[PDB]
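Coordinates as given in data.pdb (PDB, C-alpha atoms and all ligand atoms):
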```
ATOM      1  CA  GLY A 106       0.000   0.000   0.000
ATOM      2  CA  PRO A 107       0.996   3.648  -0.282
ATOM      3  CA  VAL A 108       3.487   5.289   2.110
ATOM      4  CA  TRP A 109       4.553   8.934   2.368
ATOM      5  CA  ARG A 110       7.590   9.483   0.136
ATOM      6  CA  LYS A 111       8.982  12.330   2.242
ATOM      7  CA  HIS A 112      10.271  12.828   5.770
ATOM      8  CA  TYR A 113       8.674  16.145   6.785
ATOM      9  CA  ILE A 114       4.935  15.592   7.303
ATOM     10  CA  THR A 115       2.482  18.327   8.318
ATOM     11  CA  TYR A 116      -0.765  18.151  10.122
ATOM     12  CA  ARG A 117      -3.603  20.504  10.872
ATOM     13  CA  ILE A 118      -6.432  20.296  13.341
ATOM     14  CA  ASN A 119      -9.488  21.409  11.363
ATOM     15  CA  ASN A 120     -11.769  21.879  14.432
ATOM     16  CA  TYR A 121     -11.898  20.970  18.103
ATOM     17  CA  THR A 122     -14.156  18.646  19.984
ATOM     18  CA  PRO A 123     -16.148  20.512  22.687
ATOM     19  CA  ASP A 124     -15.521  17.371  24.857
ATOM     20  CA  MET A 125     -12.027  18.493  25.843
ATOM     21  CA  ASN A 126      -9.869  21.492  26.688
ATOM     22  CA  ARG A 127      -8.240  22.893  23.514
ATOM     23  CA  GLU A 128      -4.691  22.550  24.786
ATOM     24  CA  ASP A 129      -5.463  18.867  25.712
ATOM     25  CA  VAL A 130      -6.675  18.191  22.141
ATOM     26  CA  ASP A 131      -3.420  19.736  20.833
ATOM     27  CA  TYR A 132      -1.348  17.651  23.226
ATOM     28  CA  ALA A 133      -3.077  14.307  22.647
ATOM     29  CA  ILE A 134      -2.596  14.603  18.825
ATOM     30  CA  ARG A 135       0.962  15.833  19.196
ATOM     31  CA  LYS A 136       1.848  12.906  21.523
ATOM     32  CA  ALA A 137       0.182  10.496  19.162
ATOM     33  CA  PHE A 138       2.285  11.668  16.170
ATOM     34  CA  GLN A 139       5.339  11.420  18.479
ATOM     35  CA  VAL A 140       4.656   7.667  19.047
ATOM     36  CA  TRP A 141       5.275   7.094  15.342
ATOM     37  CA  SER A 142       8.098   9.587  14.801
ATOM     38  CA  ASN A 143       9.890   7.799  17.753
ATOM     39  CA  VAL A 144      10.440   4.728  15.649
ATOM     40  CA  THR A 145      10.722   6.076  12.101
ATOM     41  CA  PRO A 146      12.582   8.871  10.222
ATOM     42  CA  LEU A 147       9.350  10.875   9.987
ATOM     43  CA  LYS A 148       9.062  14.402  11.403
ATOM     44  CA  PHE A 149       5.622  15.835  12.123
ATOM     45  CA  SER A 150       4.724  19.545  12.280
ATOM     46  CA  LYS A 151       1.448  21.244  13.147
ATOM     47  CA  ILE A 152       0.416  24.101  10.846
ATOM     48  CA  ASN A 153      -2.546  26.383  11.484
ATOM     49  CA  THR A 154      -3.267  27.379   7.933
ATOM     50  CA  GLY A 155      -3.115  26.128   4.376
ATOM     51  CA  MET A 156      -3.158  22.491   3.345
ATOM     52  CA  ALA A 157      -1.603  19.954   5.630
ATOM     53  CA  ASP A 158      -0.783  16.361   4.672
ATOM     54  CA  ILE A 159      -2.909  15.044   7.537
ATOM     55  CA  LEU A 160      -6.133  16.922   8.315
ATOM     56  CA  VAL A 161      -7.583  16.108  11.722
ATOM     57  CA  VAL A 162     -11.365  16.418  11.856
ATOM     58  CA  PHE A 163     -14.122  16.017  14.440
ATOM     59  CA  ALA A 164     -17.480  15.209  12.778
ATOM     60  CA  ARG A 165     -20.639  13.193  13.306
ATOM     61  CA  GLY A 166     -22.970  11.184  11.053
ATOM     62  CA  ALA A 167     -22.600  11.861   7.347
ATOM     63  CA  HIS A 168     -19.649  14.211   6.959
ATOM     64  CA  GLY A 169     -18.819  14.434   3.290
ATOM     65  CA  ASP A 170     -16.987  11.191   2.713
ATOM     66  CA  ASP A 171     -18.033   7.575   2.333
ATOM     67  CA  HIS A 172     -17.424   6.558   5.885
ATOM     68  CA  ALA A 173     -20.405   7.982   7.772
ATOM     69  CA  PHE A 174     -20.243   7.860  11.513
ATOM     70  CA  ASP A 175     -22.867   5.904  13.518
ATOM     71  CA  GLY A 176     -23.667   7.837  16.726
ATOM     72  CA  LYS A 177     -22.231   7.038  20.127
ATOM     73  CA  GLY A 178     -20.305   3.711  20.206
ATOM     74  CA  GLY A 179     -19.442   1.353  17.358
ATOM     75  CA  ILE A 180     -17.041   3.204  15.039
ATOM     76  CA  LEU A 181     -14.970   5.759  16.943
ATOM     77  CA  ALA A 182     -12.843   7.182  14.148
ATOM     78  CA  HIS A 183     -11.419   6.400  10.715
ATOM     79  CA  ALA A 184      -8.478   7.540   8.570
ATOM     80  CA  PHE A 185      -7.352   7.488   4.967
ATOM     81  CA  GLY A 186      -4.105   6.006   3.738
ATOM     82  CA  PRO A 187      -1.228   8.134   2.396
ATOM     83  CA  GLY A 188      -1.927  10.157  -0.674
ATOM     84  CA  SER A 189      -3.161  13.418  -2.131
ATOM     85  CA  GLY A 190      -6.220  15.339  -0.955
ATOM     86  CA  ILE A 191      -8.164  13.489   1.700
ATOM     87  CA  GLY A 192      -5.312  10.957   1.791
ATOM     88  CA  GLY A 193      -3.770  10.837   5.270
ATOM     89  CA  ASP A 194      -6.790  12.517   6.848
ATOM     90  CA  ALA A 195      -8.048  11.335  10.214
ATOM     91  CA  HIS A 196     -11.661  11.807  11.311
ATOM     92  CA  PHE A 197     -12.973  11.382  14.862
ATOM     93  CA  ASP A 198     -16.614  10.716  15.691
ATOM     94  CA  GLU A 199     -18.005  13.691  17.679
ATOM     95  CA  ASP A 200     -20.783  11.410  19.047
ATOM     96  CA  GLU A 201     -18.085   9.796  21.158
ATOM     97  CA  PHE A 202     -16.950  11.533  24.371
ATOM     98  CA  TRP A 203     -13.234  12.280  23.935
ATOM     99  CA  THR A 204     -10.996  12.496  27.047
ATOM    100  CA  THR A 205      -7.378  12.581  28.324
ATOM    101  CA  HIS A 206      -8.117   9.645  30.566
ATOM    102  CA  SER A 207      -9.860   6.277  31.045
ATOM    103  CA  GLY A 208     -13.403   7.693  30.824
ATOM    104  CA  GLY A 209     -15.316   8.027  27.549
ATOM    105  CA  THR A 210     -12.960   7.384  24.622
ATOM    106  CA  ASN A 211      -9.310   8.248  24.927
ATOM    107  CA  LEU A 212      -8.385  10.608  22.099
ATOM    108  CA  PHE A 213      -4.604   9.992  22.385
ATOM    109  CA  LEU A 214      -4.923   6.186  22.038
ATOM    110  CA  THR A 215      -7.461   6.457  19.261
ATOM    111  CA  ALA A 216      -5.234   8.938  17.440
ATOM    112  CA  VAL A 217      -2.185   6.677  17.694
ATOM    113  CA  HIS A 218      -4.246   3.907  15.993
ATOM    114  CA  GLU A 219      -5.706   6.288  13.376
ATOM    115  CA  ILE A 220      -2.342   7.919  12.598
ATOM    116  CA  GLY A 221      -1.021   4.359  11.983
ATOM    117  CA  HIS A 222      -3.656   4.227   9.178
ATOM    118  CA  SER A 223      -2.653   7.738   7.950
ATOM    119  CA  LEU A 224       0.933   6.390   7.584
ATOM    120  CA  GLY A 225      -0.311   3.307   5.677
ATOM    121  CA  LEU A 226      -0.345   0.645   8.385
ATOM    122  CA  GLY A 227      -3.002  -2.066   8.422
ATOM    123  CA  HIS A 228      -4.369  -4.070  11.308
ATOM    124  CA  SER A 229      -2.593  -6.549  13.571
ATOM    125  CA  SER A 230      -4.171  -9.729  14.941
ATOM    126  CA  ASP A 231      -2.175  -9.298  18.173
ATOM    127  CA  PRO A 232      -4.530  -8.019  20.980
ATOM    128  CA  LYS A 233      -1.537  -6.117  22.469
ATOM    129  CA  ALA A 234      -0.856  -4.058  19.335
ATOM    130  CA  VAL A 235      -2.217  -0.531  19.038
ATOM    131  CA  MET A 236      -3.183  -1.561  15.461
ATOM    132  CA  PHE A 237      -5.409  -4.389  16.755
ATOM    133  CA  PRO A 238      -8.806  -3.732  14.968
ATOM    134  CA  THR A 239     -10.802  -3.193  18.170
ATOM    135  CA  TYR A 240     -10.403  -0.409  20.709
ATOM    136  CA  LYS A 241      -8.992  -1.328  24.050
ATOM    137  CA  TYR A 242      -7.981   1.157  26.736
ATOM    138  CA  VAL A 243      -4.490   1.038  28.314
ATOM    139  CA  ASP A 244      -2.964   3.604  30.679
ATOM    140  CA  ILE A 245      -1.637   6.404  28.480
ATOM    141  CA  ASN A 246       1.043   7.825  30.759
ATOM    142  CA  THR A 247       2.838   4.497  30.340
ATOM    143  CA  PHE A 248       1.816   3.694  26.743
ATOM    144  CA  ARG A 249       4.378   1.816  24.544
ATOM    145  CA  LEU A 250       4.055   0.395  20.993
ATOM    146  CA  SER A 251       3.949  -3.377  20.909
ATOM    147  CA  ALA A 252       6.820  -5.098  19.146
ATOM    148  CA  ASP A 253       4.346  -6.069  16.382
ATOM    149  CA  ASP A 254       3.533  -2.342  15.814
ATOM    150  CA  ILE A 255       7.165  -1.468  15.562
ATOM    151  CA  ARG A 256       7.894  -4.200  12.971
ATOM    152  CA  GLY A 257       4.751  -3.117  10.990
ATOM    153  CA  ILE A 258       5.798   0.580  10.806
ATOM    154  CA  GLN A 259       9.442  -0.318  10.255
ATOM    155  CA  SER A 260       8.400  -2.499   7.279
ATOM    156  CA  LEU A 261       7.039   0.728   5.744
ATOM    157  CA  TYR A 262       9.574   3.383   6.776
ATOM    158  CA  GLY A 263      13.204   3.446   7.916
TER     159      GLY A 263
HETATM  160  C1  LIG B 301     -14.197   2.860   9.652
HETATM  161  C2  LIG B 301     -13.841   1.942  10.823
HETATM  162  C3  LIG B 301     -14.684   0.667  10.732
HETATM  163  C4  LIG B 301     -12.351   1.602  10.924
HETATM  164  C5  LIG B 301     -11.806   2.211  12.206
HETATM  165  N1  LIG B 301     -12.632   1.827  13.305
HETATM  166  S1  LIG B 301     -12.595   1.975  14.931
HETATM  167  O1  LIG B 301     -13.217   3.233  15.288
HETATM  168  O2  LIG B 301     -13.399   0.805  15.174
HETATM  169  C6  LIG B 301     -11.265   1.754  15.810
HETATM  170  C7  LIG B 301     -10.631   2.809  16.457
HETATM  171  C8  LIG B 301      -9.540   2.583  17.285
HETATM  172  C9  LIG B 301      -9.040   1.294  17.450
HETATM  173  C10 LIG B 301      -7.904   1.030  18.367
HETATM  174  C11 LIG B 301      -7.491  -0.287  18.593
HETATM  175  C12 LIG B 301      -6.468  -0.553  19.480
HETATM  176  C13 LIG B 301      -5.883   0.490  20.200
HETATM  177  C14 LIG B 301      -6.312   1.798  20.023
HETATM  178  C15 LIG B 301      -7.333   2.052  19.125
HETATM  179  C16 LIG B 301      -9.688   0.238  16.803
HETATM  180  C17 LIG B 301     -10.804   0.458  15.999
HETATM  181  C18 LIG B 301     -10.385   1.828  12.393
HETATM  182  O3  LIG B 301      -9.999   0.577  12.361
HETATM  183  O4  LIG B 301      -9.580   2.703  12.543
HETATM  184 CA    CA B 302     -19.542   6.111  16.810
HETATM  185 CA    CA B 303      -4.577  14.870   3.282
HETATM  186 CA    CA B 304     -18.332  14.487  21.651
HETATM  187 ZN    ZN B 305     -14.731  10.672   7.511
HETATM  188 ZN    ZN B 306      -8.012   0.486  12.368
END
```

Hey, can you dump this file as structure tokens for me?
Amino acid sequence: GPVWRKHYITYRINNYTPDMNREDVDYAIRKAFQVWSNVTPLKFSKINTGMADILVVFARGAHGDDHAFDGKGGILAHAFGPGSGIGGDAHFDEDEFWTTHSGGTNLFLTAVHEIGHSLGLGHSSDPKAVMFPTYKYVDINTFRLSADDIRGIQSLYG
């Protein structure tokens, strides 16, 4: 599948969930990109204007693509693989309740998984991997990529 053919990648947060403090949204997404730059040659930068490689969106229901959201629960988020336009973009379901913690849905952990998709990673069958296809909460202050995640991303970059 496609991969980014460049080392400097930009992102942009299109809008903010009302579920969280703004600076906490900024930090969760930043930390989530950091998980992947930790183990690859990629560098991620947040821009506040113009076109970014990865647009970060909060939206509910039908939101202008072919991956409608489904209300609270079920699908939490989705992301497009590397490429032009909507490629790379990561959408988060506003009908979920995003948090910094174990309540509602953890935005950081979700974003790590979704940014894996934005970078061109598929799913792992290992329940310990962040790329396992089903959301499972782990403590975020001690989060670490599984060895399966690392081999997956390192198969694509670096
Ligand atoms: C359009 C969707 C069907 C695909 C999407 N779905 S998801 O919201 O169910 C999702 C989100 C996060 C995870 C996840 C798994 C492990 C750790 C952290 C997040 C898994 C599934 C996904 O796999 O990213
Ligand atoms: Ca949902
Ligand atoms: Ca894009
Ligand atoms: Ca919400
Ligand atoms: Zn979408
Ligand atoms: Zn997934």

Could you expand the PyMOL selection byres (((not hetatm)) within 12 of (chain B and resi 303)) into the explicit residues it covers here, written as an MDAnalysis selection string?
-> chainID A and resid 109 114:119 155:162 184:196 220 223:224

Convert the current residue selection to file output with C-alpha atoms, as a compact mmCIF listing (two decimals), keeping the file's coordinate frame.
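Output file result_23.txt follows:
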```txt
# COMPACT_ATOMS: atom_id res chain seq x y z
CA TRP A 109 4.55 8.93 2.37
CA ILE A 114 4.93 15.59 7.30
CA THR A 115 2.48 18.33 8.32
CA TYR A 116 -0.76 18.15 10.12
CA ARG A 117 -3.60 20.50 10.87
CA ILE A 118 -6.43 20.30 13.34
CA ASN A 119 -9.49 21.41 11.36
CA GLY A 155 -3.12 26.13 4.38
CA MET A 156 -3.16 22.49 3.34
CA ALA A 157 -1.60 19.95 5.63
CA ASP A 158 -0.78 16.36 4.67
CA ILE A 159 -2.91 15.04 7.54
CA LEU A 160 -6.13 16.92 8.32
CA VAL A 161 -7.58 16.11 11.72
CA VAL A 162 -11.36 16.42 11.86
CA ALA A 184 -8.48 7.54 8.57
CA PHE A 185 -7.35 7.49 4.97
CA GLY A 186 -4.11 6.01 3.74
CA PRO A 187 -1.23 8.13 2.40
CA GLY A 188 -1.93 10.16 -0.67
CA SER A 189 -3.16 13.42 -2.13
CA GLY A 190 -6.22 15.34 -0.96
CA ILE A 191 -8.16 13.49 1.70
CA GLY A 192 -5.31 10.96 1.79
CA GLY A 193 -3.77 10.84 5.27
CA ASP A 194 -6.79 12.52 6.85
CA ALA A 195 -8.05 11.34 10.21
CA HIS A 196 -11.66 11.81 11.31
CA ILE A 220 -2.34 7.92 12.60
CA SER A 223 -2.65 7.74 7.95
CA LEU A 224 0.93 6.39 7.58
```

Selection result for the PyMOL selection byres (((not hetatm)) within 6 of (chain B and resi 302)) on this file, as a list in words =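 That expression, the PyMOL selection byres (((not hetatm)) within 6 of (chain B and resi 302)), corresponds here to residues 174, 175, 176, 177, 178, 179, 180, 181, 198, 200 and 201 of chain A.
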
Site check for ligand LIG 301 (chain B): residues at most 9 Å away, only C-alpha atoms and all ligand atoms, as a ChimeraX atom specification = /A:172-174,178-184,197-198,211,213-222,227-228,232-243

Report as JSON lines the residues of chain A within 7 Å of ligand CA 304 (chain B), each with its shortest atom pair and distance in Å (one decimal), using only C-alpha atoms and all ligand atoms, ordered by chain and increasing residue number.
```
{"residue": "A:122", "atom": "CA", "partner": "B:CA304", "partner_atom": "CA", "distance": 6.1}
{"residue": "A:123", "atom": "CA", "partner": "B:CA304", "partner_atom": "CA", "distance": 6.5}
{"residue": "A:124", "atom": "CA", "partner": "B:CA304", "partner_atom": "CA", "distance": 5.1}
{"residue": "A:199", "atom": "CA", "partner": "B:CA304", "partner_atom": "CA", "distance": 4.1}
{"residue": "A:200", "atom": "CA", "partner": "B:CA304", "partner_atom": "CA", "distance": 4.7}
{"residue": "A:201", "atom": "CA", "partner": "B:CA304", "partner_atom": "CA", "distance": 4.7}
{"residue": "A:202", "atom": "CA", "partner": "B:CA304", "partner_atom": "CA", "distance": 4.2}
{"residue": "A:203", "atom": "CA", "partner": "B:CA304", "partner_atom": "CA", "distance": 6.0}
```

Take CA of residue 106 in chain A and CA of residue 259 in chain A and report the distance between them in Å, one decimal.
->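 Spanning CA of residue 106 in chain A to CA of residue 259 in chain A is a straight-line distance of 13.9 Å.
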